[PDB]
Amino acid sequence: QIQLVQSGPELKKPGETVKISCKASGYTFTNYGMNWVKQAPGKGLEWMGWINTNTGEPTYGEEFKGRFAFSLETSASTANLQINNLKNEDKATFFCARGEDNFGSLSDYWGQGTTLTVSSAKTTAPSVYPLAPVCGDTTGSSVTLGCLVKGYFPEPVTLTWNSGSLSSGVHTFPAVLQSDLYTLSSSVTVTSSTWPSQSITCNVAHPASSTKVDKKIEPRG
Amino acid sequence: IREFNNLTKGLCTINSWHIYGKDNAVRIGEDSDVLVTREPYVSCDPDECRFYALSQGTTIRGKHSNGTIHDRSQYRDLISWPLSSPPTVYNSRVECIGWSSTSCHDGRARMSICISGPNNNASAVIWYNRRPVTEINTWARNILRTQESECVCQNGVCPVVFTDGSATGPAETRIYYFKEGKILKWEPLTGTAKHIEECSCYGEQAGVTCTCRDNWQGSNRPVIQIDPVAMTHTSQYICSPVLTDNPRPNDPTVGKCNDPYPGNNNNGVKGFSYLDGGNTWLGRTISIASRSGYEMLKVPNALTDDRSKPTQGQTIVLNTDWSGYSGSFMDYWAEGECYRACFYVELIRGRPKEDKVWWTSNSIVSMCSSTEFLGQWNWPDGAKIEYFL
Ligand SMILES: *[C@@H]1O[C@H](CO)[C@@H](O[C@@H]2O[C@H](CO)[C@@H](O[C@@H]3O[C@H](CO)[C@@H](O)[C@H](O[C@H]4O[C@H](CO)[C@@H](O)[C@H](O)[C@@H]4O[C@H]4O[C@H](CO)[C@@H](O)[C@H](O)[C@@H]4O[C@H]4O[C@H](CO)[C@@H](O)[C@H](O)[C@@H]4O)[C@@H]3O)[C@H](O)[C@H]2NC(C)=O)[C@H](O)[C@H]1NC(C)=O
Ligand SMILES: *[C@@H]1O[C@H](CO)[C@@H](O[C@@H]2O[C@H](CO)[C@@H](O)[C@H](O)[C@H]2NC(C)=O)[C@H](O)[C@H]1NC(C)=O
Ligand SMILES: *[C@@H]1O[C@H](CO)[C@@H](O)[C@H](O)[C@H]1NC(C)=O
Ligand SMILES: [Ca+2]
């Protein structure tokens, strides 16, 4: 039906330029202009502007006329936003969303969001640990065991237990930046019959480094 | 003609639409003495067709242009000027004074009707042959209004649809019957239609059809058919799931013929439709929420079917361009076997959506039908709000 996929999230150090792509599907590009929105973390939603996907000409918001530049490859129905001289205060997730009407007073159908971290910090791979318990039956016939993904940059990391099969019982806690790097953790609770009998595993992917890790939480107690 | 007109013919096959007129008023208006207007329409004399519109009494560049968002004021004047020229200070013909109007030629002379007033003491004066002939005063004292399209005449009888009352409630609509400016009869709205506003009318085969706006609950238009011979009428909604008012909910799969189709209330925009069985064409804005884009869609037996989805279309104004009011007109004195079906679309520019300027205004596009299946273009007002700064 209508789908708008955006580029993968980018790491750029202060000063560079970044072109985020929004490849639109499902509708007819030429009849519906594009809205670009800014979701800062601590602030909520900001209309950045709109581009007439027919004539090509853009209306910028006041907070953005000058480092942001909307453009599009109509041939591929892609609308692209570029930010020149990245000031770290551009740390956000920019959305493309369809202007239902002329000028965009209604964004029906939004795209997935592209995240931008403007940092000078170095890409650092994570170091993954299996957090087995000093036994301790965690409530009725359940053992909870974890996996700690420590010290990497940047976000994200893709933690899955047992290649996706362990989907219930999982809590992956939000990653937190301790100044220069990230720490992550998830727990999973399984019944005693299941472990140490079946083979519980943590698979962790940090694609920035190009890292794919698989830790057996083997019983060390 | 030297004789009254009878609507003897029927519509011709609508197979596509061809451009009939484009005034380019705001584009030219950045440098000539083009008048600020809004609520346009077109009407034909037996001898020529002209553009009519409600003037705001200022040039678009003139400093008094600021604040023309207001619909009614005592500087409003109904004017006419040649087909496809701008409303120029030096060539518009003022037709009567007021902020609501209808006008139409009965074959001999023409009637123009301009309502003027305070919102609780409004008064219509029915001009016939450029002289003031009759005057009707407010029956419900809350804004007396009429068509903003042309009326159709038959054998001297021209029905006209007047609504006084609330645009948010029950209002008090009534069909009036003029012959030579005098009031032949007037009768109250009847039928299942809940609230009538800004009726668009075309005549064929001695019957006149109006497609209006339900401001209150409608998102599907009330259709009034009037019989100018017996001075009778009925109203209903259009059965089709293809919803044509603006704003509107998104079209259902089954529509509604005897009640408003529920969803967007206390709002609408004037519109039209040619209602003729297989050969029914409905016009609508493309945006479900704003007057941008205009398209014509063929929805066979739209009037009568709660399942009629479209079978052919045509784009008039892209969704990236602005549109507005639309209505029907025809050249009843056009030599043919049949009536060529035409419409106009008003193209609003200014406030509120382009508020970088302080004036609202518009230009006009109009089409008539062709039986050939011609190619389509899309027809922008065309001005750049940035050259007026
Ligand atoms: C050369 O010129 C010729 C002549 O013009 C060109 O051929 C014409 O091309 C037209 C466009 O390609 C074509 O029109 C289409 O006709 C089909 C019938 O087969 C008709 O369905 C289409 O109308 C729908 O689609 C348009 C957009 O495509 C919508 O804007 C429109 O509203 C109609 O769809 C909406 O309502 C339907 C009915 O309820 C729904 O079923 C549908 O889901 C849709 O819903 C959404 O839109 C509404 C408005 O936005 C909204 O209210 C609702 O809630 C939903 O959100 C379209 O008109 C002509 O048929 C064709 N004519 C001829 C004679 O061939 C030719 O291509 C040109 N050649 C070249 C090379 O350029
Ligand atoms: C007429 O146009 C002027 C601009 O030509 C409008 O002026 C603004 O009006 C507000 C009050 O509504 C002032 O406080 C602003 O400082 C004015 N500045 C600007 C940049 O326009 C005026 O309001 C308009 N409206 C009418 C009815 O005169
Ligand atoms: C017009 O129609 C009426 C009936 O509606 C008829 O009596 C009259 O003679 C007709 N006149 C012409 C010129 O057709
Ligand atoms: Ca409505």
# chains A, B, ... in the order shown; residues from 1 in each chain; ligands from 1

$ interface_residues --of "chain A" --to "chain B" --cutoff "8 Å" --atoms "only C-alpha atoms" --output "ChimeraX atom specification"
/A:31-33,52,54,100-103

$ residues_around --residues "segment 32-47 of chain B" --least-positions-apart "4" --cutoff "6 Å" --atoms "only C-alpha atoms" --output "NGL selection string"
:B and (1 or 51-56 or 58-60 or 87-89 or 105 or 149 or 331 or 333 or 361-362)

$ write_last_selection --atoms "N, CA, C and O atoms" --output "PDB file, in the first residue's frame"
ATOM      1  N   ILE B   1     -31.730  36.394 -27.792  1.00  0.00           N
ATOM      2  CA  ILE B   1     -32.596  36.089 -28.908  1.00  0.00           C
ATOM      3  C   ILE B   1     -33.686  37.147 -28.678  1.00  0.00           C
ATOM      4  O   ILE B   1     -33.557  37.908 -27.704  1.00  0.00           O
ATOM      5  N   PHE B  51     -17.235  36.471 -17.721  1.00  0.00           N
ATOM      6  CA  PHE B  51     -16.880  35.931 -16.417  1.00  0.00           C
ATOM      7  C   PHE B  51     -17.533  36.876 -15.418  1.00  0.00           C
ATOM      8  O   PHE B  51     -17.562  38.098 -15.634  1.00  0.00           O
ATOM      9  N   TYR B  52     -18.162  36.355 -14.365  1.00  0.00           N
ATOM     10  CA  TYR B  52     -18.811  37.193 -13.350  1.00  0.00           C
ATOM     11  C   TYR B  52     -18.138  36.911 -12.061  1.00  0.00           C
ATOM     12  O   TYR B  52     -17.772  35.755 -11.894  1.00  0.00           O
ATOM     13  N   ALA B  53     -18.026  37.845 -11.135  1.00  0.00           N
ATOM     14  CA  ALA B  53     -17.381  37.558  -9.882  1.00  0.00           C
ATOM     15  C   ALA B  53     -17.768  38.609  -8.881  1.00  0.00           C
ATOM     16  O   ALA B  53     -18.265  39.655  -9.289  1.00  0.00           O
ATOM     17  N   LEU B  54     -17.543  38.363  -7.584  1.00  0.00           N
ATOM     18  CA  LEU B  54     -17.869  39.288  -6.519  1.00  0.00           C
ATOM     19  C   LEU B  54     -16.580  40.073  -6.240  1.00  0.00           C
ATOM     20  O   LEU B  54     -15.589  39.492  -5.787  1.00  0.00           O
ATOM     21  N   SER B  55     -16.536  41.355  -6.633  1.00  0.00           N
ATOM     22  CA  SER B  55     -15.408  42.252  -6.418  1.00  0.00           C
ATOM     23  C   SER B  55     -15.284  42.695  -4.980  1.00  0.00           C
ATOM     24  O   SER B  55     -16.290  42.827  -4.297  1.00  0.00           O
ATOM     25  N   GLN B  56     -14.091  43.008  -4.506  1.00  0.00           N
ATOM     26  CA  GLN B  56     -13.916  43.463  -3.133  1.00  0.00           C
ATOM     27  C   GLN B  56     -13.597  44.927  -3.128  1.00  0.00           C
ATOM     28  O   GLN B  56     -13.238  45.465  -2.090  1.00  0.00           O
ATOM     29  N   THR B  58     -11.043  46.888  -4.662  1.00  0.00           N
ATOM     30  CA  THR B  58      -9.672  47.297  -4.510  1.00  0.00           C
ATOM     31  C   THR B  58      -8.888  46.566  -5.598  1.00  0.00           C
ATOM     32  O   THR B  58      -9.382  45.571  -6.142  1.00  0.00           O
ATOM     33  N   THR B  59      -7.738  47.100  -6.026  1.00  0.00           N
ATOM     34  CA  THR B  59      -6.870  46.417  -6.977  1.00  0.00           C
ATOM     35  C   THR B  59      -6.017  45.422  -6.144  1.00  0.00           C
ATOM     36  O   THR B  59      -5.870  45.633  -4.930  1.00  0.00           O
ATOM     37  N   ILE B  60      -5.460  44.311  -6.648  1.00  0.00           N
ATOM     38  CA  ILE B  60      -4.674  43.400  -5.806  1.00  0.00           C
ATOM     39  C   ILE B  60      -3.473  44.171  -5.287  1.00  0.00           C
ATOM     40  O   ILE B  60      -3.254  44.043  -4.088  1.00  0.00           O
ATOM     41  N   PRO B  87     -10.448  40.778 -14.380  1.00  0.00           N
ATOM     42  CA  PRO B  87     -11.370  41.783 -13.877  1.00  0.00           C
ATOM     43  C   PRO B  87     -10.592  43.072 -13.727  1.00  0.00           C
ATOM     44  O   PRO B  87      -9.949  43.249 -12.703  1.00  0.00           O
ATOM     45  N   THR B  88     -10.585  43.915 -14.733  1.00  0.00           N
ATOM     46  CA  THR B  88      -9.783  45.105 -14.783  1.00  0.00           C
ATOM     47  C   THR B  88     -10.574  46.306 -14.365  1.00  0.00           C
ATOM     48  O   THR B  88     -11.721  46.366 -14.782  1.00  0.00           O
ATOM     49  N   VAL B  89     -10.059  47.313 -13.688  1.00  0.00           N
ATOM     50  CA  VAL B  89     -10.849  48.436 -13.208  1.00  0.00           C
ATOM     51  C   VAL B  89     -11.543  49.166 -14.335  1.00  0.00           C
ATOM     52  O   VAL B  89     -12.645  49.671 -14.150  1.00  0.00           O
ATOM     53  N   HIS B 105     -29.532  34.828 -18.090  1.00  0.00           N
ATOM     54  CA  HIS B 105     -30.285  35.450 -19.136  1.00  0.00           C
ATOM     55  C   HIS B 105     -31.453  34.586 -19.438  1.00  0.00           C
ATOM     56  O   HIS B 105     -31.300  33.391 -19.708  1.00  0.00           O
ATOM     57  N   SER B 149     -23.487  31.022  -8.684  1.00  0.00           N
ATOM     58  CA  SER B 149     -23.474  30.430 -10.017  1.00  0.00           C
ATOM     59  C   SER B 149     -24.596  31.132 -10.784  1.00  0.00           C
ATOM     60  O   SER B 149     -25.198  32.077 -10.253  1.00  0.00           O
ATOM     61  N   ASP B 331     -23.852  26.979 -22.728  1.00  0.00           N
ATOM     62  CA  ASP B 331     -24.274  28.048 -23.611  1.00  0.00           C
ATOM     63  C   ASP B 331     -25.576  27.554 -24.196  1.00  0.00           C
ATOM     64  O   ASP B 331     -25.615  26.828 -25.199  1.00  0.00           O
ATOM     65  N   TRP B 333     -27.567  28.989 -26.036  1.00  0.00           N
ATOM     66  CA  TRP B 333     -27.799  29.517 -27.365  1.00  0.00           C
ATOM     67  C   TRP B 333     -26.710  29.038 -28.309  1.00  0.00           C
ATOM     68  O   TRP B 333     -26.469  29.604 -29.382  1.00  0.00           O
ATOM     69  N   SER B 361      -7.499  36.327  -3.262  1.00  0.00           N
ATOM     70  CA  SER B 361      -7.973  36.676  -4.587  1.00  0.00           C
ATOM     71  C   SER B 361      -8.072  35.388  -5.350  1.00  0.00           C
ATOM     72  O   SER B 361      -7.953  34.325  -4.748  1.00  0.00           O
ATOM     73  N   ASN B 362      -8.293  35.421  -6.659  1.00  0.00           N
ATOM     74  CA  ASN B 362      -8.410  34.201  -7.401  1.00  0.00           C
ATOM     75  C   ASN B 362      -8.312  34.508  -8.870  1.00  0.00           C
ATOM     76  O   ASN B 362      -8.264  35.665  -9.299  1.00  0.00           O
TER      77      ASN B 362
END

$ atom_distance --atom1 "atom CA of residue 45 of chain A" --atom2 "atom CA of residue 154 of chain A"
23.8 Å

$ residues_near_ligand --ligand "ligand 1" --cutoff "6 Å" --atoms "only C-alpha atoms and all ligand atoms" --output "ChimeraX atom specification"
/B:241-242,250-251,286-288,297,309-314,373-376

$ closest_residue --among "B:134, B:84, B:209, B:253" --to "residue 24 of chain B" --atoms "only C-alpha atoms"
B:84

$ residues_around --residues "residue 191 of chain A" --least-positions-apart "6" --cutoff "8 Å" --atoms "only C-alpha atoms" --output "list in words"
residues 141, 142 and 143 of chain A

$ write_last_selection --atoms "N, CA and C atoms" --output "PDB file, in the first residue's frame"
ATOM      1  N   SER A 141       9.760 -21.517  39.145  1.00  0.00           N
ATOM      2  CA  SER A 141      10.380 -22.342  38.114  1.00  0.00           C
ATOM      3  C   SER A 141      10.863 -21.654  36.841  1.00  0.00           C
ATOM      4  N   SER A 142      11.460 -20.509  37.085  1.00  0.00           N
ATOM      5  CA  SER A 142      11.965 -19.650  36.047  1.00  0.00           C
ATOM      6  C   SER A 142      13.364 -19.195  36.463  1.00  0.00           C
ATOM      7  N   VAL A 143      14.230 -19.173  35.468  1.00  0.00           N
ATOM      8  CA  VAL A 143      15.590 -18.746  35.616  1.00  0.00           C
ATOM      9  C   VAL A 143      15.657 -17.589  34.635  1.00  0.00           C
TER      10      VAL A 143
END

$ residues_around --residues "residue 74 of chain A" --least-positions-apart "2" --cutoff "10 Å" --atoms "only C-alpha atoms" --output "ChimeraX atom specification"
/A:23-24,29-30,53-54,56,71-72,76-79

$ write_last_selection --atoms "N, CA and C atoms" --output "mmCIF file, in the first residue's frame"
data_model
loop_
_atom_site.group_PDB
_atom_site.id
_atom_site.type_symbol
_atom_site.label_atom_id
_atom_site.label_comp_id
_atom_site.auth_asym_id
_atom_site.auth_seq_id
_atom_site.Cartn_x
_atom_site.Cartn_y
_atom_site.Cartn_z
ATOM 1 N N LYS A 23 12.700 6.869 -0.168
ATOM 2 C CA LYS A 23 12.302 6.294 -1.458
ATOM 3 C C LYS A 23 10.847 5.961 -1.269
ATOM 4 N N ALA A 24 9.959 6.653 -1.985
ATOM 5 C CA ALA A 24 8.509 6.522 -1.776
ATOM 6 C C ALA A 24 7.781 5.492 -2.613
ATOM 7 N N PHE A 29 4.127 9.771 -7.068
ATOM 8 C CA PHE A 29 4.984 10.814 -6.523
ATOM 9 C C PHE A 29 4.653 12.273 -6.842
ATOM 10 N N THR A 30 4.386 12.460 -8.126
ATOM 11 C CA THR A 30 4.031 13.690 -8.814
ATOM 12 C C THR A 30 2.794 14.435 -8.305
ATOM 13 N N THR A 53 6.750 17.877 -5.397
ATOM 14 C CA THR A 53 7.379 16.789 -6.139
ATOM 15 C C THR A 53 7.039 16.853 -7.620
ATOM 16 N N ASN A 54 6.216 17.837 -7.968
ATOM 17 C CA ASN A 54 5.812 18.086 -9.340
ATOM 18 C C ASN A 54 6.649 19.155 -10.037
ATOM 19 N N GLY A 56 9.207 20.730 -8.359
ATOM 20 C CA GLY A 56 10.467 20.632 -7.655
ATOM 21 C C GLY A 56 10.698 21.745 -6.638
ATOM 22 N N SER A 71 15.528 18.173 -2.140
ATOM 23 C CA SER A 71 15.730 17.905 -3.545
ATOM 24 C C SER A 71 15.068 16.560 -3.756
ATOM 25 N N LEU A 72 15.083 15.949 -4.941
ATOM 26 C CA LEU A 72 14.466 14.649 -5.153
ATOM 27 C C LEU A 72 14.952 13.972 -6.407
ATOM 28 N N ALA A 76 13.159 7.855 -9.463
ATOM 29 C CA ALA A 76 13.153 6.764 -8.518
ATOM 30 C C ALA A 76 12.168 7.110 -7.408
ATOM 31 N N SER A 77 11.367 8.165 -7.657
ATOM 32 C CA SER A 77 10.445 8.714 -6.680
ATOM 33 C C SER A 77 11.160 8.989 -5.326
ATOM 34 N N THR A 78 12.478 9.260 -5.246
ATOM 35 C CA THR A 78 13.124 9.452 -3.951
ATOM 36 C C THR A 78 13.177 10.941 -3.617
ATOM 37 N N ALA A 79 12.844 11.371 -2.386
ATOM 38 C CA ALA A 79 12.979 12.758 -1.977
ATOM 39 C C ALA A 79 14.137 12.664 -1.039
#
